[PDB]
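Listed next as structure tokens is one chain, alone, in the form solved without the named molecule.
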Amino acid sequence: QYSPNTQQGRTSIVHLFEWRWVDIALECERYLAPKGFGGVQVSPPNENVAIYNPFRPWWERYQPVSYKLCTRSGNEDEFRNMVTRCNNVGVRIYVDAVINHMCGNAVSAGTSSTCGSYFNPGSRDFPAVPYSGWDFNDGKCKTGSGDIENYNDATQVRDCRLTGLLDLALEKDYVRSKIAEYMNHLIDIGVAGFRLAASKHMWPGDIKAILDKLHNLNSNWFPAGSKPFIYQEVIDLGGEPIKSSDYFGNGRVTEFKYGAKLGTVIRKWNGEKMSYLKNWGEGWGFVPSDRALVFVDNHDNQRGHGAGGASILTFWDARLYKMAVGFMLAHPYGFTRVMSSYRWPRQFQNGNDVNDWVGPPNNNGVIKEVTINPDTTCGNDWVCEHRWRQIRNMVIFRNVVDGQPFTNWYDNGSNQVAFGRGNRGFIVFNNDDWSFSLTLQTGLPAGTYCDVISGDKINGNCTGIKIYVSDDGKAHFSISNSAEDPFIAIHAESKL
């Protein structure tokens, strides 16, 4: 299940949040493939409720109306075209599957959907699937409000409505079959796996029953017997009766403790320091590496909207964000996901962003295209973190050192640390309030290496800092606490 199904030496996927199918298709060909990215997580491709108040928020896409591939990202033809073109260039597609529920029970009946499908939440009617009152958990939930009221009761967390979202009766074979019908359509089109949204709100056993109905990956692109990659969104920060380990039999799980703790450490909250990262991973109480999908931030918590709270690092905190992403991509733990966002007008009031609902860049509701500037950055308010030199080069760094052990660790007892990956790579960080100048053992072969954070290797030369490694593997590193990017990374492929 726990294999990404990515090509040979590609080790990361990027979340192109709210991107249109046509733009992702181009991106696969012009950037992702040549830069070594393993795949793309796309937003829910199935029809959702069109919410006008507020005006087309990002979260309207987590309120299904049917399973027709018709959204603001494009129609079914465009979706198929994207999967085909991306697959032909070796870049996988993973879809965000919303199968725990349909839309809000208080939503008005009518055809206010992204494809015009009629639906009536009030009478539990979704004819486009079709689903009726018999397919929901209204009679199974025991809370007085019908919604989830207390997370200390594992039963209502699964059988009741997540903040009013109509809850599907996943134990019924009919419902499980309608879900598999949807997912098998996607698999046969060519998708490589799925992100199961709101997995905590589904019984591990019901999920398994559904997965048992799924086909193997399309044999025109994947080896026979390939199973779809599955990563379940389970927010488990401890303290709840439900644990992410209960879902290991179905596939990997999102490790939300990862970004939450990395954030507090890099921000140096509660006296935490980078030197403590020496035993980062399972030692910190995280799930086993082979069951983890990791990330610094996700579409939900980058807007204070999810697990992690105020500690989560995002593109808004550029300097520290690049370091966190850098550390994540260099460290062997888990399978990594890079975030790619869009800017929205943040407006805090009493510590809360009142514009956290704002959807993707648009013209009267029509999502804007991703424009590429001559410096390779994006326009139309798309942030494109995956294109920042410091992040893109670390994505490549991870590919280069794949399989190499964690070694040659160093720390100053504070926030100046370094470590290597076998004899293929080495990275150094300075998060202290003073300069760093020291000769360290890198485990790398003698030679002149280009630092891939401050620059690039361009045929025989480096555009940024250059590092000289001696015969014994030692090299001198100098990082000022005033550096634009307070960290240096060099690897086998950046050697001159």
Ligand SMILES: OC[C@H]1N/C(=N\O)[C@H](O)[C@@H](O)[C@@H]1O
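One-based numbering along the sequence shown.
If you average the CA temperature factors over each stretch, which comes out higher, 342-350 or 144-152? Comparing 342-350 with 144-152, the higher average CA B-factor belongs to 342-350.
If you take the mean CA temperature factor per stretch, which one wins between 174-182 and 306-314? Of 174-182 and 306-314, the stretch with the higher C-alpha B-factor average is 306-314.
Sorting 462, 65, 33, 428 by Cα temperature factor from the record, which one lands on top? In this record, 462 carries the highest C-alpha B-factor of the candidates.
Just the C-alpha B-factor column, please: which of 282, 233, 188, 246 has the biggest number? That would be 282.
Third assignment of residue 444 from its chain's C-alpha B-factors: CA B-factor rank for residue 444: highest third.
Where the record places residue 58 (Cα B-factor, split into thirds across the chain): Within its chain, residue 58 is a lowest-third residue by C-alpha B-factor, going by the deposited values.
Thinking about Cα B factors across the chain, which third does residue 196 belong to? As the PDB entry reports it, the C-alpha B-factor of residue 196 lands in the lowest third of its chain.
Third of the chain's Cα B-factor distribution that residue 433 belongs to, per the entry: Highest third of the chain for residue 433's C-alpha B-factor.
How does the C-alpha B factor of residue 369 compare with the rest of the chain: lowest, middle or highest third? It falls in the top third of the chain.
Although it is not shown, the form solved in complex with the named molecule is what the next lines describe.
Judged by heavy atoms and a 4.5 Å cut-off, are 432, 438 and 483 together in contact with the named molecule in the deposited complex? No: no residue has a heavy atom within 4.5 Å of the partner.
Taking 4.5 Å between heavy atoms as the contact cutoff, choose which of 115, 330, 235, 400 touches the named molecule in the deposited complex. It is 235 that has a heavy atom within 4.5 Å of the partner.
Just one of 396, 189, 141, 162 has a heavy atom within 4.5 Å of the named molecule in the deposited complex. Which one? Residue within 4.5 Å of the partner: 162.
Can you check 196-204, 402-410, 215-223, 180-188 and let me know which stretch has heavy atoms within 4.5 Å of the named molecule in the deposited complex? Selected range: 196-204.
Within a 4.5 Å heavy atom cut-off, is residue 151 in contact with the named molecule in the deposited complex? Output for residue 151 is yes: heavy atoms within 4.5 Å of the named molecule.
So in the deposited complex, is the named molecule close enough to residue 240 to count as touching (4.5 Å, heavy atoms)? Because a heavy atom of residue 240 falls inside 4.5 Å of the named molecule in the deposited complex, the answer is yes.
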